[PDB]
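Contents: one structure, followed by commentary.
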Amino acid sequence: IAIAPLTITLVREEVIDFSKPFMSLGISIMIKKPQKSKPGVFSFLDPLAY
Amino acid sequence: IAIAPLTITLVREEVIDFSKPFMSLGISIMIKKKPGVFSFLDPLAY
Amino acid sequence: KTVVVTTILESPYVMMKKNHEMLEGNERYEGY
Amino acid sequence: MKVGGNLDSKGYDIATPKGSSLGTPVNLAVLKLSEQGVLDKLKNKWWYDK
Amino acid sequence: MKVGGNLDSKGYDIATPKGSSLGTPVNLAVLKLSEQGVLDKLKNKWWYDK
């Protein structure tokens, strides 16, 4: 028995028996945590729109 | 063969063979999804 | 009959114990 | 509108009688359609395109 | 930081050799644990509690 994060695939199923998924997963986007950027030179115009 | 949005449950699995899930789902929250012309006078009452 | 469980070291699924040098058997591994 | 993430994880499966000969081929068929993107295409067709 | 939804959907399963007698018990155990919240509790512990 293999209790591990083993992805269920068609090719694997043809060779072994996979149980029902105990945790679902997918592809996600990973980005850096947004920190406070340095203020722009002409940032005194920010309060009002262009 | 049953091809329908049938949830994979413990009680169902013991009586019928269940293929791999063709849809993954869960419990989700459902909620409900313009300034006036003279809205610059809002700070003070009429 | 003892059952052999195969497993890859992946965190946090299966990680080596911080003090596995003083532990033996299945106590060496912890994780999901 | 839908807000937040899924609270739990469930799954929709094709049901077959115990001991039926259609168990394994349907199990491999579902896996085939997921990997090639047919299931994702079908969901997007009837949820977003329509 | 993780942003956006899941691009696709996969799953992790407990594998078992073909023809083994443990396949059906373990499949039932995974479904029982999921419905009892054990899998959700395990996910919370090693991801957010730790």
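Here Cβ is always computed from backbone atoms with ideal geometry, including for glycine, and neighbour counts include all displayed protein chains. The numbers here are math on the coordinates, done by the rules we state, and not lab data.
How far is E:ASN6 from the same spot in each other copy, in nm, shortest first, if each label point sits 7 Å from Cα toward Cβ?
The projected label point of E:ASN6 is separated from its counterparts by 0.4 nm.
What does the copy distance list look like for E:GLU35, label position 7 Å along Cα→Cβ, in nm and ordered from shortest?
Sorted ascending, the copy-to-copy spacings read 3.1 nm.
Hey, got the dipole for chain A? About the Cα centre, +1 on K and R Cβ, -1 on D and E Cβ, debye to the nearest 20?
Working: 6 positive and 4 negative charges, 86 e Å.
Charge dipole of chain A: 420 debye, to the nearest 20.
Just want the answer: with Cβ charges of +1 for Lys and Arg and -1 for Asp and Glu, which residue in B:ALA2, B:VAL15, B:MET30 is farthest toward the dipole's positive end in chain B?
My answer, from the dipole projection, is B:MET30.
With θ set to phi - 60° and the Karplus curve 6.51 cos²θ - 1.76 cosθ + 1.60, what are the ³J(HN,Hα) couplings of the range D:25-36 in order, to the nearest whole Hz, using x for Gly and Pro?
x, 5, 4, 6, 5, 4, 5, 4, 5, 5, 5, 6
Under 19 Å between alpha carbons, and skipping anything fewer than 8 positions from B:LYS20 in its own chain: which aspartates and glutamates qualify?
A:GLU13, A:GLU14, A:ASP17, D:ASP8, D:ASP13, D:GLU35, D:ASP40, E:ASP8, E:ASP13, E:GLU35
Points 7 angstrom from Cα along the Cβ direction at C:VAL14 and D:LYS32: gap in nanometres?
Spacing of the two 7 Å Cα→Cβ label points: 3.2 nm.
Specify the inter-centroid distance of chain B and the range A:14-35, based on alpha-carbon positions, in whole Å.
21 Å
Where does the charge balance sit around D:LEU39 when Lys and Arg score +1, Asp and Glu -1, over other residues with C-beta under 11 Å from its C-beta?
+2
For the protein assembly as shown, with only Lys/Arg (+1) and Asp/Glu (-1) charged at the beta-carbon, what is the dipole magnitude about the Cα centre, in debye rounded to 20?
Charge dipole, the protein assembly as shown, about its Cα centre: 680 debye, nearest 20.
Given the options E:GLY11, E:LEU33, C:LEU23, identify the residue whose Cα lies farthest towards the positive end of the charge dipole of the protein assembly as shown (+1 on Cβ of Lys, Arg; -1 on Cβ of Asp, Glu).
It is E:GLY11.
Roughly how many nanometres apart are two label points built 7 Å out from the Cα toward the Cβ at D:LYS50 and C:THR7?
4.5 nm
For each pair in D:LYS2/E:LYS2; C:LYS17/E:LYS45; D:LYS32/E:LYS45, compute the distance between the two Cα atoms and list the pairs where it is over 23 Å.
D:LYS32/E:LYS45
For the pair A:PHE42/C:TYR29, report the inter-label distance in nm, with labels modelled 7 Å from Cα in the Cβ direction.
Placing both labels 7 Å along Cα→Cβ, they lie 6.2 nm apart.
Students often check this: by mean Cβ neighbours within 10 Å, which of A:25-32, C:12-19, A:10-17 ranks highest, and how do the rest follow?
Ranking the peptides A:25-32, C:12-19, A:10-17 by packing returns A:10-17, C:12-19, A:25-32.
Looking at the protein assembly as shown, send over the antiparallel percent of its DSSP beta bridges, to the nearest 5.
95 percent
Per residue of E:36-46, how many C-beta atoms from partner chains lie within 10 Å of its own C-beta, taken as a mean? Display every interim value, and only then the final one.
Values: counts 1, 1, 1, 6, 4, 0, 5, 5, 0, 2, 7.
If you average over the peptide's residues, the count of other-chain Cβ atoms is 3.
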